[PDB]
Visitor: 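Shown below is the structure under consideration.
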Amino acid sequence: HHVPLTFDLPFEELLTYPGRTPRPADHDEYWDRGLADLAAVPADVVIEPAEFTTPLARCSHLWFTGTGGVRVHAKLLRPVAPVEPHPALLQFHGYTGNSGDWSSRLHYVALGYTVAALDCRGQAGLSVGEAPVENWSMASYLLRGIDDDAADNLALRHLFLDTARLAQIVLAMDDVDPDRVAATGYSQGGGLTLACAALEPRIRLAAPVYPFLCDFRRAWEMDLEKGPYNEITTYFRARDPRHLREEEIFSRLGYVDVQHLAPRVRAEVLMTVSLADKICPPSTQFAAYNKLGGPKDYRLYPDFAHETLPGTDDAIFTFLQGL
Amino acid sequence: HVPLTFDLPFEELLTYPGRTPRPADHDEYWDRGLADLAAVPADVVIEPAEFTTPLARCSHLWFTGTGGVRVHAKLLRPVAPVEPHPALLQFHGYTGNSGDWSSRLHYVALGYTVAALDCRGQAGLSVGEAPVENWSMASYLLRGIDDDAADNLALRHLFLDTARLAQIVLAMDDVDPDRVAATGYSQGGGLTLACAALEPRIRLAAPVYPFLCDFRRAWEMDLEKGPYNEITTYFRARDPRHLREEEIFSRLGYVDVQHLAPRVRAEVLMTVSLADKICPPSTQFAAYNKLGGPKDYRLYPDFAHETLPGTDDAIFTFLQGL
Amino acid sequence: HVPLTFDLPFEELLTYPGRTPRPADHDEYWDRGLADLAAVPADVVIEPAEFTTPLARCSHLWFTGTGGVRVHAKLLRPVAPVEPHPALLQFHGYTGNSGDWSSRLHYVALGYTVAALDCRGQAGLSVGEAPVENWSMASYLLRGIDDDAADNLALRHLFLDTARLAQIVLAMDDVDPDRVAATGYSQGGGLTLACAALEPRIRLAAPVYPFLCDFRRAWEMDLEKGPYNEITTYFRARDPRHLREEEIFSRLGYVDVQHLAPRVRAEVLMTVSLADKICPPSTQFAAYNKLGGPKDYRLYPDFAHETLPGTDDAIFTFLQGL
Amino acid sequence: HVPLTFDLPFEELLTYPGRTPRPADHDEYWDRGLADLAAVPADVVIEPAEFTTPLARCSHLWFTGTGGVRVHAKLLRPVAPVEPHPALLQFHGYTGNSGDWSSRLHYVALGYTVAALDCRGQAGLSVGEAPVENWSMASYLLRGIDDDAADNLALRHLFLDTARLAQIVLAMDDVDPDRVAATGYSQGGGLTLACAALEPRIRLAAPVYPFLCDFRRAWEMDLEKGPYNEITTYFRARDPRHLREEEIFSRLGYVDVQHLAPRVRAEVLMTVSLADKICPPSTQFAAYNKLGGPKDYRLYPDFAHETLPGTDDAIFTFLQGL
Amino acid sequence: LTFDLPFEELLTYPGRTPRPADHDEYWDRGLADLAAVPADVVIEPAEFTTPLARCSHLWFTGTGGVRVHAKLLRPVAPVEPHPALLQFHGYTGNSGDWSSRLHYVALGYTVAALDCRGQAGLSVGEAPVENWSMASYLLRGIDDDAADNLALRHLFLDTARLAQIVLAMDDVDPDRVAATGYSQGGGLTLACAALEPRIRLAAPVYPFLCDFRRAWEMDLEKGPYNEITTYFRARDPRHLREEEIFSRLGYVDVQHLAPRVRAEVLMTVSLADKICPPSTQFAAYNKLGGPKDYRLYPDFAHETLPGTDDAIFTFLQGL
Amino acid sequence: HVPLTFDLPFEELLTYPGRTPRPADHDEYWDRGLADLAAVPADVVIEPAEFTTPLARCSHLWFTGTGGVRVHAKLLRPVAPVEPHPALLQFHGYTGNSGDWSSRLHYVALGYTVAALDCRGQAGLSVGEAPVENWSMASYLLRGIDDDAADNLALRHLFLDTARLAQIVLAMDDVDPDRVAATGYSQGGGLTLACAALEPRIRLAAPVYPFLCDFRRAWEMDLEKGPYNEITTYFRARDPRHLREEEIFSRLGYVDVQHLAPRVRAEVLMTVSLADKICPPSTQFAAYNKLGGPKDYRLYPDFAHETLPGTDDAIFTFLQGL
Ligand code: NA
Ligand code: NA
Ligand code: NA
Ligand code: NA
Ligand code: NA
Ligand code: NA
């Protein structure tokens, strides 16, 4: 006995943890309608030249139309003179960040991969198009659209469908073997990795690192000092201080909880978790991990928080070499 | 010998000129804004509120602002109005809302009409969002700063909302248009001055540590906490090398309250706390020193961005002269 | 399975019995206190105040409490009442004062008398100090704890001050003794319940996150900040090995609001914020669960010891039933 | 180039004159204080302590101070003195007490008598409180500041307690009155200087980062923590607009150790740590620079309000020359 | 809320690392390695002077061939053999001021105060290791081939050597010697009384260097036990060697030396202490091999505990 | 005006001369250092690594440095080179290691050899320690500072390790000795400059907020956090009164990167963040202003000691001109 008091759950409990955010009864119909809504919007793919140049790759700006009639951007890097269809890698970035430096993924192009890195709407990248909502609250981007009449105007639903469209576009490229596409990302990018592999089940491998956007109600109940999950509390303090609508708010967040999309995943998943992480508590991550629909494995860093995890990029690189 | 301060010594506050650039066409921008507002029909709708009391008729006041959105304000009026009487406009703090109905019933008991605006997208009922060409989630204060022209700034729409509220209230048949005042704390203090500037008929104005003044001075001071950090948050997202620093701060000059201050004709009573690190006193005096009407200030040397004992009585006594 | 929390899970709050022991002679202690108070002539003096408004007669109310000290309260009365009318007693926060005259004028406009006590030695006009045998600067709350008998506790005098103020207001010719209410925040919330217990004729009581409850529970939680840390400060100074732990907390039981709550006959509306680490919800419900009259509560799950939006309207609506 | 410091650069410390006024009747105030003290019979009572050791006779010493209050000091005497010998007076830190008997037995082994005062109301055995006309719980340091005359200041009673202890110890038959020293840390350092000023016969004085100097300088500084913040607490409670700022700091000049420093004739060895934000070096040098006897200082550049390695040996070597 | 264990469970708490199976053999080899190193004791005058004592620098050779320093204070004119007191200082500090122990010399005692290797005193000799990591002094040597190069072992053997030297002094009654210290000095007090069990009394205050695995598991924000986490983050981020690291640390855990202690122990502990959690201290207290009592300060942390110096002084007068 | 800063205003950064003394025999010290290194046979051993990829040949590079210790570096070479090609030396942050193999494979795909040193005793495979006469656990940076001569400084061994690593890579058969670069962050930035100074054949250098510059300036500043506080930690342990301050800082001048900067002939691209309180900009420009070759800088005004978006692309483009 004599187990100390952790802010989160003991590891033995994590592997059986079922989550604590309600799954709406019409979850499957919600996402089929979302995928149908997306398919009814013509992608209108335009590929435009980039300023960054190197003999290692062809660098481009990839533009497409997402739900809400918004133009969305992704960095696109393709190998010079490909001869046979080859793998591709989709990368997703952290909350409020952007797709990052071109040169950080040139080694994947050197392996022969196409790499596409999405810029999330309104964050630090080139996606600057905003879909409207009926009820605008400045309190929270994560909860944008939560007060609309129907649940289809959630900002995170547009974001998830953006990842689905990017995967659809990349898979359809003639140079890309549709059976050899992977996804990876940190934090928000980890959650988007799983949402992408769920809405495009053709994805073969997925490597999220401490994924964000899981188990919203568990995150709220833990009363975390810092981090983006505090947007939930900020919204409540602004628009429902007595929590009269608590059940309706969390039932709608259940539509965009990655843990309830996880059963659709067919990719093999390699998930990295650090146990001192108070930004993405391990319990919220394993809520999604435990519901994954394909083969899966995890890597633990007991003494680390939401930071660089030494050796993980090599582990992911070796994992993605099997594509 | 002068002692060290995080801000400026009080001696230099009274002559401080501000450090945020004034665009050469400031006047044309705001004249164009008021003309744009006047070209949108107000479409005023007044509906009863659930809160009831024998002290006041409480209503929801709805109108259309710039950008094609509906805006809400609380409206409190005497039950059986007789002669035309004074009115008071109130503006709330950043991310808050117009607050409790009962906190202003004593002004109605004096015979005043009270109107309290809900700022767009904040904690109240104004939930309509004007679109922008370039959306950044980094900052509401800088929303619209990357559009082609400076007419899509979110702060511009907000200022014109206060102008419309003043116009509607002054036009009410039971309101003497020469006996209208405005007051507010923090963001509400900055909106009080913007309102008294864009509707110069306002007779008295009582801002408390006003926000939204001297943006560039605020950015240069390195403030650990507070809403002025939204400027740094934006630069970190969309211009980390400050290649567009001059253009961003020039555009912000359009919505810097200090440059609207010369239009104010109301008598102003401004309350300032000297240990305030959310709205540093220097940013407040940048606007105060440019005021176009009579003015006086009240200081709280040992207080920060908090409740200031005696200020509500000072404002009430000040507003009794309406 | 319930999630971790710094306090108790909400489902355990409504059955929580407290931890500070109830003294066996609690009744005799408080009957003796009321007898001690009655044996001191109140010596009521009412003088006009500087603050003036057509909405109310404003006055300074002075009386003598236990220990022979003079105590002050703000007094606001309707300008021309005919029949007996309601009254409202207000109590302020720890180390604060009765506050601004104008923040209570809407109650006078309803026809109420309003009386707002200034606590001894705090930020108001009550500056008289009752002596003690053993003085420790470590804690105001524990002042008098080391005297021979328990009748010199500084909190006892304070509670009897609220009782005397209620007695004076009920005895006023134009105050209906059946239509008196009490309300207050934090320290004022605990004083509201102490007042309604020692003057059970009070009809309504509206405390907000009440202080001065369940002293032992507060000490055992070891909070980072707040006035409950005065208990720890006293122990570190005058009993570092806790040789007198039981005598100290049994003494505090006399001035624990939770053990006066069974005397309350007023209907109580209690507001609680669940992230409050100044007054933990468990200590508040120790008193709530022992209340002797009708009762209801209002929760703010994500708020701490701060402004609670809607609470002033909720209290105003509650107090309109006077 | 002088790098930026929170306090003053060291070159300016040696000429720093202080920033707290100095009353024109300072000398008359303190001559009256000593005469008031002499008019109260000491009524010295000495009883054995439970702590026992063959190295010393350990006793409790009780006397009456100004205000009709009983004051305690620890008294340690050599077992076989035989001949008149030196004595050492020790004063303790703010809110503490005189500390362990065994921490000063090496001075008794030298042949010295040791007396260690317990400050009124702090963690020791001095629990008697002198009354004031106007009680504010905000600050012990400013207790008495609002009375009619300035003779009820709590710090004045404390300073006169150190003088009485010195007078009692010097009059002992086995104490050579010209071989008496004083020493202490923080509050005890300020009391060391006040004692050597009010009993100028004291030969050596060893303060360590002394407290209770240059109150106005401390207030003007951005002190995040420490007992000097009691001044701000008082202003926030009883004078938030600083209308009485000049009166308050003029009265504090009576109990500022820096203005007692010219009376000191003892040789002083002062220890200062330069990163100290509790007692800023500038406030200490305000007193040091005005000292009336020979003096030297010891600097610890990288230390704050903490243990200073080597200082107790330095003081011991200094006090062996008694 | 309950940061540590409730007091009700402290007196039965067994610690979080099992006694190594060859613990006795490890320390018999350590003491034998020490005995094979000549002490080469040198005593030199110190600058601090007082009529109350002779003050000296005491130098000797410890394991690893380094020179180790202790302050030595002796009565000026002793007649018969008399008691002695050994003192140990806090982590990264030094033996402190000469004058803080003159009252023990005035009782007639010899006082010896060790300076720990590499800390703030005069012991500046460093024993080499095969694998050097800058992350942690406490775990220095943990990655060498055998466990005999642990820096903490050298430190423990220094206290044993100092005690052996002091007991062997002609004017010291070897059966009237005590040890005391705060924090690291409290743990060294216990190690000293274990490796030289002739020590009669021991008075540790919130002892350090106990129950390492429990300390790491508690995720303390702050303080010297965080060196364990710092080492793991540097040299084993996935904890592949977790079991070998902690069971190597069991050799230098003071709790497993506690059964050798025969001195009467007076342990002072403060209950709000987050630097040395009470549970880790009672892991050692519960295994002590001699008479024992404790003193509690419920509202205090890792700070001065009023009355403790008088309690220890009264306790040590029975020497 | 008055733009207060924790560091120096940017106008003065470009002229700042440093504050740490340069020893008069600086040139002789480092020529002796290079000669001592040359007298130790490098005994280079290259072993295959376990990380594998078709993009590169990955190996462990081992050599002997000063003090008779074995040092490790990660070595990545392009598979089957047909002509001499460029090489890149990378240095890591304080207490870190050379990092993941795959983070530099894109340079190998360009045709470069990459060598990444592991600093002695840090998180990598270099675990050999050179002995010192006087060991203090207070500071690795100041290790060896108390020895009789200055040739035992730990920083000197570290700097000579970079020289040997550069010498080994420059001497490789398939490496063009005229096309070698160095780059690194923080400690790796200082090592980048030390390397290009002790091996002046280095062609390009790209440090990011370099560490190990202007030790005295670093100590003189506030700086609550960061590795520069090891200086204060050492002083608090081994020189609390600063009696040896001039000796300590004179010795640090031998290993202060600013005084090796005049030897640099590489073109330097230095990246600086202006809110960096770990490596203050003034300390970095002390070295930059003394650089002996072509140079340019990149600024991030709102960033601290963190990831600087765009910097890896900027360095990559810079290194493509190799
Ligand atoms: Na394809
Ligand atoms: Na009108
Ligand atoms: Na009545
Ligand atoms: Na005498
Ligand atoms: Na012996
Ligand atoms: Na070559």
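Naming convention: chains lettered A, B, ... in sequence-line order (proteins, then strands); numbering from 1 in each chain. Side chains included, hydrogens not; waters and symmetry mates left out as well; all remaining heavy atoms used.
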Visitor: Any donor-acceptor pair under 3.5 Å linking the side chain of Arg244(C) with the backbone of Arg241(C)?
Guide: no

Visitor: Shortest non-hydrogen contact from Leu37(C) to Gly65(C)?
Guide: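 Nearest pair, atom of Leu37(C) first, then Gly65(C): CD1-CA, 4.5 Å.
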
Visitor: If a pair satisfies side-chain hydrogen bond (donor to acceptor under 3.5 Å, both in side chains) and one of its residues is in residues 194-214 of chain C, list it, with sequence neighbours excluded.
Guide: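 For residues 194-214 of chain C: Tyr16(C)-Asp214(C), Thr20(C)-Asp214(C), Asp178(C)-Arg201(C), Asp214(C)-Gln258(C).
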
Visitor: How about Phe249(C) and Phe235(C): are their ring centroids closer than 6.0 Å?
Guide: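 Yes; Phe235(C) has its ring centre under 6.0 Å from that of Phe249(C).
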
Visitor: When you check the gap from the basic side-chain N to the acidic O, do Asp27(C) and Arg22(C) get nearer than 4.0 Å?
Guide: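 So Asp27(C) pairs with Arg22(C) through a salt bridge.
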
Visitor: Check whether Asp146(D) reaches the backbone of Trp135(D) with its side chain - one donor and one acceptor, N or O, closer than 3.5 Å.
Guide: no

Visitor: Checking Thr66(C) against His157(C): is there a side-chain donor and acceptor pair closer than 3.5 Å?
Guide: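 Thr66(C) and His157(C) do have a side-chain donor-acceptor pair below 3.5 Å.
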
Visitor: Please determine whether side-chain hydrogen bond (donor to acceptor under 3.5 Å, both in side chains) holds for the pair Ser279(E) and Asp4(E), giving the CA-CA distance in whole Å, both sets of side-chain angles, and the decisive distance to 0.1 Å.
Guide: CA-CA 7 Å; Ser279(E) 59; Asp4(E) 199 21; 2.8 Å; yes

Visitor: For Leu117(C) and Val71(C): C-alpha separation, side-chain torsions, deciding distance, then whether side-chain contact (heavy atoms from CB on, under 4.5 Å) applies.
Guide: CA-CA 8 Å; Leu117(C) 176 72; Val71(C) 181; 3.6 Å; yes

Visitor: So that I can tick it off, tell me whether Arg263(C) and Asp31(C) are bridged by a salt bridge, with the cut-off set at under 4.0 angstrom between side-chain N and carboxylate O.
Guide: yes

Visitor: Less than 3.5 Å apart, which donor and acceptor atoms pair up between the side chains of residues 266-274 of chain C and the rest of the protein, not counting sequence neighbours?
Guide:
unit_1    : atom_1 : unit_2    : atom_2 : d
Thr271(C) : OG1    : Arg298(C) : NH1    : 2.9
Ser273(C) : OG     : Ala304(C) : O      : 2.7

Visitor: With salt bridge (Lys or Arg N to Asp or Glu O under 4.0 Å) as the test, pick out the partner of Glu129(D) among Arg143(D), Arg70(D), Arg120(D).
Guide: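 Among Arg143(D), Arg70(D), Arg120(D), the one meeting salt bridge (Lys or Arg N to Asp or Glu O under 4.0 Å) with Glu129(D) is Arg143(D).
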
Visitor: May I have all residue pairs that pass side-chain hydrogen bond (donor to acceptor under 3.5 Å, both in side chains) and include part of residues 32-44 of chain C, sequence neighbours excluded?
Guide: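 Sorted result for residues 32-44 of chain C: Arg32(C)-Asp151(C), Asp36(C)-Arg156(C).
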
Visitor: If you count heavy atoms of other groups shown closer than 6.0 angstrom to CD of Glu28(C), is the number above 12?
Guide: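 It does: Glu28(C) CD has more than 12 such atoms within range.
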
Visitor: Can you tell me if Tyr185(C) and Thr311(C) form a side-chain donor-acceptor pair at under 3.5 Å?
Guide: no

